Amino acid sequence: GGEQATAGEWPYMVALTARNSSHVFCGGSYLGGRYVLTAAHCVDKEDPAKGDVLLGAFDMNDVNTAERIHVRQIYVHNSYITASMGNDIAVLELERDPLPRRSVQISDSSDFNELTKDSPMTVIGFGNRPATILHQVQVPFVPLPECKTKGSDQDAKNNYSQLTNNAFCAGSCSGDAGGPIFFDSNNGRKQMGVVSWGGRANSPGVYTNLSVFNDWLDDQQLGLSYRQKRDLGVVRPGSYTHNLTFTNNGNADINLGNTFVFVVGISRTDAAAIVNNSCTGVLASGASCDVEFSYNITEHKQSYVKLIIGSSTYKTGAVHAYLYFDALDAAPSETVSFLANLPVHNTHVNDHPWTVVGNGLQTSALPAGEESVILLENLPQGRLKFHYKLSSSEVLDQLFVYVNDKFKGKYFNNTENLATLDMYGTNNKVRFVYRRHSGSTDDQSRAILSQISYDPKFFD
């Protein structure tokens, strides 16, 4: 019961696209001014200039009728880790003012409480994550305690059972990820949620609970403009500086108090400090300031330099900023030679490196509680094939494989077999992480990869 929508019914629909391209990757909504609301999982750590917005998206074969605007910055909730854990919310600051256009009204707690079991709600979208023309479909509200019991296998049941009140559920296509869900509150139409995760039976949609983010949402729209998340990718351990510019694109003063900067982790040798800060006090409409910091990365890990600046003007009390990094050393020549039959851009390793032993790449001797890491950075789409062999008396000594930061395989101690990973996607990263567990008592715990190949086709 998905009906095509009529132009004009939802002028605040937004579609997200790669810059100047006409292919929708996520949905969204217009909050007014220069701001669009979407899901964090749609945009987290992306370069904003890579993206466009189509306001009033309707027909994707006539995108002239929508207004294309470049994105200037992305703001993601400071608690967001993944869609299942919640806080799946983000705001995009557009480069310029849109043509006058109606904006969505955001739900507040009192509106949310009107919701009861089977209250109909409306979802709109093109069905991304399909339809060239916008559809709308009605769905029933499902209370969190019931939603939490959904699923028939570990993966879903675990995802559903871990839900919190930063999210809510409605009974199940049509919406895009990041897209809006509405309820007619008698106080009028309100956007209640954002499509976050989840024709399967008993698998309701999960949506970000916007009634619990009104303060964060208002803060983001005050107009402070800066690059909140920058991913540096792979970095060598060493000493660096970085500069961040803040601009007030709002109409009112924004007060900025004290400042913290630090590398996230437990290392005592990692460090960060302010080297220059012109943003203290009161930043004024149209004005800019800068924060420069030094940072020292010594532990090989995937972390981020965090900056926090307090603000009395902000209801949530502070401004967050991030510089993500994956600290690893370059694979030496022997290893690059070993992998030369792959079309890989770059190979990297941690401090307990995989190195060539005989016909195989093998984990370095590693202490309990540590891991041996190798990263294959920038492979084209296709399949990676390999043989693996793990040997440890400890059952929690295991090999974990990620493709583009998504977990894709686990391999158990004392087992050997051929495996294949599909790398969909234009540009791919494959990370091998052998974890010797905290309690592992086998000092010989190891893994070996051999027969490693790239196949550009996906069968046979």
# chains A, B, ... in the order shown; residues from 1 in each chain; ligands from 1
call {"tool": "closest_atom_pairs", "arguments": {"of": "range 308-342 of chain A", "to": "range 290-294 of chain A", "cutoff": "12 Å", "atoms": "only C-alpha atoms", "output": "tab-separated table"}}
result
residue	atom	partner	partner_atom	distance
A:308	CA	A:291	CA	10.9
A:309	CA	A:291	CA	10.1
A:321	CA	A:291	CA	10.8
A:322	CA	A:293	CA	11.9
A:323	CA	A:293	CA	11.1
call {"tool": "closest_atom_pairs", "arguments": {"of": "range 287-405 of chain A", "to": "range 206-214 of chain A", "cutoff": "12 Å", "atoms": "only C-alpha atoms", "output": "Markdown table"}}
result
| residue | atom | partner | partner_atom | distance |
| --- | --- | --- | --- | --- |
| A:314 | CA | A:214 | CA | 12.0 |
| A:315 | CA | A:214 | CA | 9.7 |
| A:316 | CA | A:213 | CA | 10.0 |
call {"tool": "write_last_selection", "arguments": {"atoms": "C-alpha atoms", "output": "JSON list (two decimals), in the first residue's frame"}}
result
[["chain", "number", "residue", "atom", "x", "y", "z"],
["A", 314, "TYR", "CA", 24.49, 25.94, 23.40],
["A", 315, "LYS", "CA", 21.74, 24.11, 25.25],
["A", 316, "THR", "CA", 23.87, 20.93, 25.21]]
call {"tool": "select_by_dssp", "arguments": {"residues": "range 227-375 of chain A", "states": "alpha helix (DSSP H)", "output": "PyMOL selection string"}}
result
chain A and resi 333-338
call {"tool": "residues_around", "arguments": {"residues": "range 372-378 of chain A", "least_positions_apart": "4", "cutoff": "8 Å", "atoms": "only C-alpha atoms", "output": "mmCIF file with N, CA and C atoms, in the first residue's frame"}}
result
data_model
loop_
_atom_site.group_PDB
_atom_site.id
_atom_site.type_symbol
_atom_site.label_atom_id
_atom_site.label_comp_id
_atom_site.auth_asym_id
_atom_site.auth_seq_id
_atom_site.Cartn_x
_atom_site.Cartn_y
_atom_site.Cartn_z
ATOM 1 N N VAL A 344 46.669 -3.711 -5.260
ATOM 2 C CA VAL A 344 46.378 -2.966 -4.015
ATOM 3 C C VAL A 344 47.141 -1.625 -4.100
ATOM 4 N N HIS A 345 46.512 -0.578 -3.569
ATOM 5 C CA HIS A 345 47.122 0.740 -3.606
ATOM 6 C C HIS A 345 48.242 0.794 -2.566
ATOM 7 N N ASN A 346 47.912 0.407 -1.361
ATOM 8 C CA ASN A 346 48.851 0.444 -0.245
ATOM 9 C C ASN A 346 48.611 -0.617 0.821
ATOM 10 N N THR A 347 49.673 -1.197 1.320
ATOM 11 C CA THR A 347 49.619 -2.163 2.379
ATOM 12 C C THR A 347 50.216 -1.599 3.676
ATOM 13 N N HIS A 348 49.534 -1.776 4.797
ATOM 14 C CA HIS A 348 49.974 -1.235 6.088
ATOM 15 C C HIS A 348 49.901 -2.240 7.176
ATOM 16 N N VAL A 349 50.712 -2.073 8.211
ATOM 17 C CA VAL A 349 50.717 -2.979 9.383
ATOM 18 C C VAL A 349 50.856 -2.244 10.711
ATOM 19 N N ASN A 350 50.401 -2.889 11.789
ATOM 20 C CA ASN A 350 50.612 -2.346 13.118
ATOM 21 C C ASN A 350 51.949 -2.819 13.711
ATOM 22 N N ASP A 351 52.125 -2.571 14.994
ATOM 23 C CA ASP A 351 53.292 -2.964 15.746
ATOM 24 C C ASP A 351 53.537 -4.432 16.035
ATOM 25 N N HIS A 352 52.631 -5.290 15.678
ATOM 26 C CA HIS A 352 52.767 -6.749 15.783
ATOM 27 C C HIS A 352 52.397 -7.217 14.405
ATOM 28 N N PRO A 353 53.214 -6.774 13.435
ATOM 29 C CA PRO A 353 52.944 -6.954 11.997
ATOM 30 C C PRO A 353 52.853 -8.352 11.432
ATOM 31 N N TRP A 354 52.025 -8.497 10.399
ATOM 32 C CA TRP A 354 51.982 -9.713 9.656
ATOM 33 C C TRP A 354 53.247 -9.599 8.750
ATOM 34 N N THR A 363 51.348 -13.717 11.317
ATOM 35 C CA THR A 363 51.359 -12.861 12.501
ATOM 36 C C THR A 363 52.627 -12.908 13.257
ATOM 37 N N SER A 364 53.071 -11.766 13.717
ATOM 38 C CA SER A 364 54.201 -11.638 14.696
ATOM 39 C C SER A 364 53.796 -12.182 16.038
ATOM 40 N N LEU A 366 52.841 -12.220 19.561
ATOM 41 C CA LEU A 366 52.163 -11.126 20.201
ATOM 42 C C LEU A 366 51.696 -11.455 21.541
ATOM 43 N N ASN A 427 36.074 1.445 -4.272
ATOM 44 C CA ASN A 427 37.336 1.537 -3.665
ATOM 45 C C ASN A 427 37.250 0.834 -2.323
ATOM 46 N N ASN A 428 38.132 -0.144 -2.067
ATOM 47 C CA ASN A 428 37.930 -0.988 -0.937
ATOM 48 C C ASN A 428 39.144 -1.148 -0.013
ATOM 49 N N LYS A 429 38.862 -1.361 1.259
ATOM 50 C CA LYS A 429 39.855 -1.586 2.221
ATOM 51 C C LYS A 429 39.564 -2.871 2.961
ATOM 52 N N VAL A 430 40.549 -3.736 3.020
ATOM 53 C CA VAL A 430 40.403 -4.961 3.711
ATOM 54 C C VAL A 430 41.337 -5.050 4.871
ATOM 55 N N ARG A 431 40.790 -5.224 6.084
ATOM 56 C CA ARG A 431 41.595 -5.244 7.276
ATOM 57 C C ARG A 431 41.587 -6.601 7.922
ATOM 58 N N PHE A 432 42.770 -7.165 8.096
ATOM 59 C CA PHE A 432 42.923 -8.420 8.837
ATOM 60 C C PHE A 432 43.388 -8.160 10.233
ATOM 61 N N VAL A 433 42.615 -8.600 11.222
ATOM 62 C CA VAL A 433 42.955 -8.367 12.633
ATOM 63 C C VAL A 433 42.952 -9.656 13.420
ATOM 64 N N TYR A 434 44.142 -10.154 13.784
ATOM 65 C CA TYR A 434 44.193 -11.358 14.553
ATOM 66 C C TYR A 434 44.275 -10.903 16.010
ATOM 67 N N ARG A 435 43.347 -11.375 16.830
ATOM 68 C CA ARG A 435 43.251 -10.888 18.184
ATOM 69 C C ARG A 435 43.702 -11.956 19.133
#
call {"tool": "atom_distance", "arguments": {"atom1": "CA of residue 243 in chain A", "atom2": "CA of residue 276 in chain A"}}
result
8.9 Å
call {"tool": "select_by_dssp", "arguments": {"residues": "range 97-306 of chain A", "states": "strand (DSSP E or B)", "output": "PyMOL selection string"}}
result
chain A and resi 106+120-125+133+135-142+167-170+180-184+189-197+205-208+224-225+229-235+238-248+254-256+259-263+271-277+281-283+288-297+302-306
call {"tool": "write_last_selection", "arguments": {"atoms": "C-alpha atoms", "output": "PDB file, in the first residue's frame"}}
result
ATOM      1  CA  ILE A 106       9.960  18.694  14.732  1.00  0.00           C
ATOM      2  CA  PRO A 120      -0.734   5.391  11.913  1.00  0.00           C
ATOM      3  CA  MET A 121       2.353   7.302  10.827  1.00  0.00           C
ATOM      4  CA  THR A 122       3.455   8.265   7.362  1.00  0.00           C
ATOM      5  CA  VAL A 123       6.720   7.373   5.651  1.00  0.00           C
ATOM      6  CA  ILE A 124       7.851   8.932   2.413  1.00  0.00           C
ATOM      7  CA  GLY A 125      10.692   8.122   0.053  1.00  0.00           C
ATOM      8  CA  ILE A 133       8.896   9.064  -8.076  1.00  0.00           C
ATOM      9  CA  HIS A 135       6.037   7.364  -2.537  1.00  0.00           C
ATOM     10  CA  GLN A 136       4.196   7.495   0.755  1.00  0.00           C
ATOM     11  CA  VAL A 137       2.984   4.597   2.810  1.00  0.00           C
ATOM     12  CA  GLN A 138       1.276   4.434   6.161  1.00  0.00           C
ATOM     13  CA  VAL A 139       2.663   2.404   9.151  1.00  0.00           C
ATOM     14  CA  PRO A 140       1.604   1.497  12.692  1.00  0.00           C
ATOM     15  CA  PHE A 141       3.460   2.579  15.814  1.00  0.00           C
ATOM     16  CA  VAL A 142       5.011  -0.199  17.856  1.00  0.00           C
ATOM     17  CA  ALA A 167      14.687   5.393  19.010  1.00  0.00           C
ATOM     18  CA  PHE A 168      11.237   4.016  18.236  1.00  0.00           C
ATOM     19  CA  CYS A 169       9.662   1.478  15.949  1.00  0.00           C
ATOM     20  CA  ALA A 170       6.929   1.200  13.324  1.00  0.00           C
ATOM     21  CA  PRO A 180      11.388  11.311   7.280  1.00  0.00           C
ATOM     22  CA  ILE A 181       8.494   9.679   9.131  1.00  0.00           C
ATOM     23  CA  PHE A 182       5.514  11.792  10.116  1.00  0.00           C
ATOM     24  CA  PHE A 183       2.598  11.767  12.512  1.00  0.00           C
ATOM     25  CA  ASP A 184      -0.554  13.971  12.469  1.00  0.00           C
ATOM     26  CA  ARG A 189       1.865  17.270  11.105  1.00  0.00           C
ATOM     27  CA  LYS A 190       5.180  16.556  12.814  1.00  0.00           C
ATOM     28  CA  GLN A 191       8.223  14.644  11.742  1.00  0.00           C
ATOM     29  CA  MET A 192       8.691  12.104  14.507  1.00  0.00           C
ATOM     30  CA  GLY A 193      11.704  10.167  13.253  1.00  0.00           C
ATOM     31  CA  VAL A 194      14.472   9.517  10.782  1.00  0.00           C
ATOM     32  CA  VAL A 195      14.861   6.189   9.002  1.00  0.00           C
ATOM     33  CA  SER A 196      17.720   4.432  10.759  1.00  0.00           C
ATOM     34  CA  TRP A 197      17.732   0.630  10.305  1.00  0.00           C
ATOM     35  CA  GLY A 205      11.472  -0.200  11.093  1.00  0.00           C
ATOM     36  CA  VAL A 206      13.552   1.610  13.607  1.00  0.00           C
ATOM     37  CA  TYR A 207      13.606   5.359  13.654  1.00  0.00           C
ATOM     38  CA  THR A 208      15.565   8.005  15.511  1.00  0.00           C
ATOM     39  CA  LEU A 224      28.288  27.922  14.053  1.00  0.00           C
ATOM     40  CA  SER A 225      30.081  26.577  11.013  1.00  0.00           C
ATOM     41  CA  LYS A 229      34.637  15.466  11.438  1.00  0.00           C
ATOM     42  CA  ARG A 230      37.685  15.007   9.307  1.00  0.00           C
ATOM     43  CA  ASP A 231      38.984  11.517   8.547  1.00  0.00           C
ATOM     44  CA  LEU A 232      42.704  11.584   7.788  1.00  0.00           C
ATOM     45  CA  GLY A 233      42.713   7.885   6.830  1.00  0.00           C
ATOM     46  CA  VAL A 234      45.964   6.060   7.477  1.00  0.00           C
ATOM     47  CA  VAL A 235      48.553   8.103   9.285  1.00  0.00           C
ATOM     48  CA  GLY A 238      54.472  10.923  14.685  1.00  0.00           C
ATOM     49  CA  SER A 239      53.985  14.537  15.561  1.00  0.00           C
ATOM     50  CA  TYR A 240      51.572  16.874  13.713  1.00  0.00           C
ATOM     51  CA  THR A 241      49.539  20.068  13.849  1.00  0.00           C
ATOM     52  CA  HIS A 242      46.065  20.885  12.698  1.00  0.00           C
ATOM     53  CA  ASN A 243      44.008  24.007  12.381  1.00  0.00           C
ATOM     54  CA  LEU A 244      40.281  24.398  12.562  1.00  0.00           C
ATOM     55  CA  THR A 245      38.262  27.435  11.569  1.00  0.00           C
ATOM     56  CA  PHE A 246      34.978  28.367  13.165  1.00  0.00           C
ATOM     57  CA  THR A 247      32.584  30.788  11.545  1.00  0.00           C
ATOM     58  CA  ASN A 248      29.336  32.193  12.881  1.00  0.00           C
ATOM     59  CA  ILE A 254      27.800  32.619  20.153  1.00  0.00           C
ATOM     60  CA  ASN A 255      29.756  32.417  23.394  1.00  0.00           C
ATOM     61  CA  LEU A 256      32.709  30.090  23.521  1.00  0.00           C
ATOM     62  CA  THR A 259      38.740  24.213  25.447  1.00  0.00           C
ATOM     63  CA  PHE A 260      39.937  20.550  25.695  1.00  0.00           C
ATOM     64  CA  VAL A 261      41.886  18.615  23.131  1.00  0.00           C
ATOM     65  CA  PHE A 262      43.129  15.098  23.478  1.00  0.00           C
ATOM     66  CA  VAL A 263      43.850  11.857  21.724  1.00  0.00           C
ATOM     67  CA  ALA A 271      49.290  13.776  23.297  1.00  0.00           C
ATOM     68  CA  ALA A 272      47.573  16.911  22.080  1.00  0.00           C
ATOM     69  CA  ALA A 273      47.628  20.541  23.069  1.00  0.00           C
ATOM     70  CA  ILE A 274      46.380  23.918  21.977  1.00  0.00           C
ATOM     71  CA  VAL A 275      48.995  26.003  20.187  1.00  0.00           C
ATOM     72  CA  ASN A 276      46.769  28.846  19.292  1.00  0.00           C
ATOM     73  CA  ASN A 277      43.170  29.735  20.067  1.00  0.00           C
ATOM     74  CA  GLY A 281      34.877  34.632  24.489  1.00  0.00           C
ATOM     75  CA  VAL A 282      32.100  35.727  22.184  1.00  0.00           C
ATOM     76  CA  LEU A 283      32.023  35.107  18.513  1.00  0.00           C
ATOM     77  CA  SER A 288      35.570  33.833  12.376  1.00  0.00           C
ATOM     78  CA  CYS A 289      38.099  32.357  14.657  1.00  0.00           C
ATOM     79  CA  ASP A 290      40.631  29.578  14.696  1.00  0.00           C
ATOM     80  CA  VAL A 291      41.856  26.790  16.874  1.00  0.00           C
ATOM     81  CA  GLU A 292      45.260  25.252  16.186  1.00  0.00           C
ATOM     82  CA  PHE A 293      46.484  22.222  18.009  1.00  0.00           C
ATOM     83  CA  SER A 294      49.445  19.892  18.002  1.00  0.00           C
ATOM     84  CA  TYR A 295      49.014  16.172  18.303  1.00  0.00           C
ATOM     85  CA  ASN A 296      51.411  13.292  18.942  1.00  0.00           C
ATOM     86  CA  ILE A 297      50.417   9.796  17.855  1.00  0.00           C
ATOM     87  CA  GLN A 302      42.270   3.486  14.975  1.00  0.00           C
ATOM     88  CA  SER A 303      41.257   6.472  17.083  1.00  0.00           C
ATOM     89  CA  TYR A 304      40.634  10.213  16.867  1.00  0.00           C
ATOM     90  CA  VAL A 305      41.896  13.498  18.224  1.00  0.00           C
ATOM     91  CA  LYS A 306      38.973  15.109  20.006  1.00  0.00           C
TER      92      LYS A 306
END
call {"tool": "residues_around", "arguments": {"residues": "residue 442 in chain A", "least_positions_apart": "6", "cutoff": "12 Å", "atoms": "only C-alpha atoms", "output": "NGL selection string"}}
result
:A and (365-369 or 391-397 or 413 or 436)
call {"tool": "atom_distance", "arguments": {"atom1": "CA of residue 154 in chain A", "atom2": "CA of residue 174 in chain A"}}
result
26.1 Å
call {"tool": "closest_residue", "arguments": {"among": "A:334, A:371, A:111, A:95", "to": "residue 300 in chain A", "atoms": "only C-alpha atoms"}}
result
A:371
call {"tool": "atom_distance", "arguments": {"atom1": "CA of residue 204 in chain A", "atom2": "CA of residue 422 in chain A"}}
result
28.2 Å
call {"tool": "closest_atom_pairs", "arguments": {"of": "range 144-195 of chain A", "to": "range 72-83 of chain A", "cutoff": "12 Å", "atoms": "only C-alpha atoms", "output": "Markdown table"}}
result
| residue | atom | partner | partner_atom | distance |
| --- | --- | --- | --- | --- |
| A:159 | CA | A:83 | CA | 9.8 |
| A:160 | CA | A:83 | CA | 11.7 |
| A:162 | CA | A:83 | CA | 11.8 |
| A:163 | CA | A:83 | CA | 10.6 |
| A:166 | CA | A:79 | CA | 11.1 |
| A:167 | CA | A:83 | CA | 10.2 |
| A:177 | CA | A:83 | CA | 10.3 |
| A:178 | CA | A:83 | CA | 10.6 |
| A:194 | CA | A:83 | CA | 11.0 |
| A:195 | CA | A:83 | CA | 9.7 |
call {"tool": "write_last_selection", "arguments": {"atoms": "N, CA, C and O atoms", "output": "CSV table (one decimal), in the first residue's frame"}}
result
chain,number,residue,atom,x,y,z
A,159,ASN,N,20.0,-6.8,18.0
A,159,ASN,CA,19.8,-5.4,17.6
A,159,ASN,C,18.5,-4.9,18.2
A,159,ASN,O,18.5,-3.8,18.8
A,160,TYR,N,17.4,-5.6,18.0
A,160,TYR,CA,16.1,-5.1,18.6
A,160,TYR,C,16.2,-5.1,20.1
A,160,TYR,O,15.6,-4.2,20.7
A,162,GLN,N,18.5,-4.5,22.1
A,162,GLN,CA,19.3,-3.4,22.7
A,162,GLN,C,18.8,-2.0,22.4
A,162,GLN,O,19.5,-1.0,22.6
A,163,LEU,N,17.6,-1.9,22.0
A,163,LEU,CA,17.1,-0.5,21.6
A,163,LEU,C,16.8,0.3,22.9
A,163,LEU,O,16.6,-0.2,24.0
A,166,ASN,N,16.1,6.6,22.6
A,166,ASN,CA,16.5,7.5,21.6
A,166,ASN,C,16.0,7.0,20.3
A,166,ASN,O,16.2,7.7,19.2
A,167,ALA,N,15.3,5.9,20.2
A,167,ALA,CA,14.7,5.4,19.0
A,167,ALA,C,13.3,4.9,19.3
A,167,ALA,O,12.9,4.7,20.4
A,177,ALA,N,16.9,5.7,3.8
A,177,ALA,CA,17.7,5.9,5.0
A,177,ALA,C,17.9,7.4,5.1
A,177,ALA,O,18.2,8.0,4.2
A,178,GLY,N,17.8,7.8,6.4
A,178,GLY,CA,17.9,9.3,6.6
A,178,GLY,C,16.6,10.0,6.4
A,178,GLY,O,16.5,11.2,6.8
A,194,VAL,N,13.6,9.6,11.9
A,194,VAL,CA,14.5,9.5,10.8
A,194,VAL,C,14.7,8.1,10.5
A,194,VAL,O,15.0,7.3,11.5
A,195,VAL,N,14.7,7.6,9.3
A,195,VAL,CA,14.9,6.2,9.0
A,195,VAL,C,16.3,5.8,9.4
A,195,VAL,O,17.2,6.3,8.8
call {"tool": "closest_residue", "arguments": {"among": "A:44, A:219, A:443, A:108", "to": "residue 319 in chain A", "atoms": "only C-alpha atoms"}}
result
A:219
call {"tool": "closest_residue", "arguments": {"among": "A:286, A:86, A:143, A:317", "to": "residue 216 in chain A", "atoms": "only C-alpha atoms"}}
result
A:317
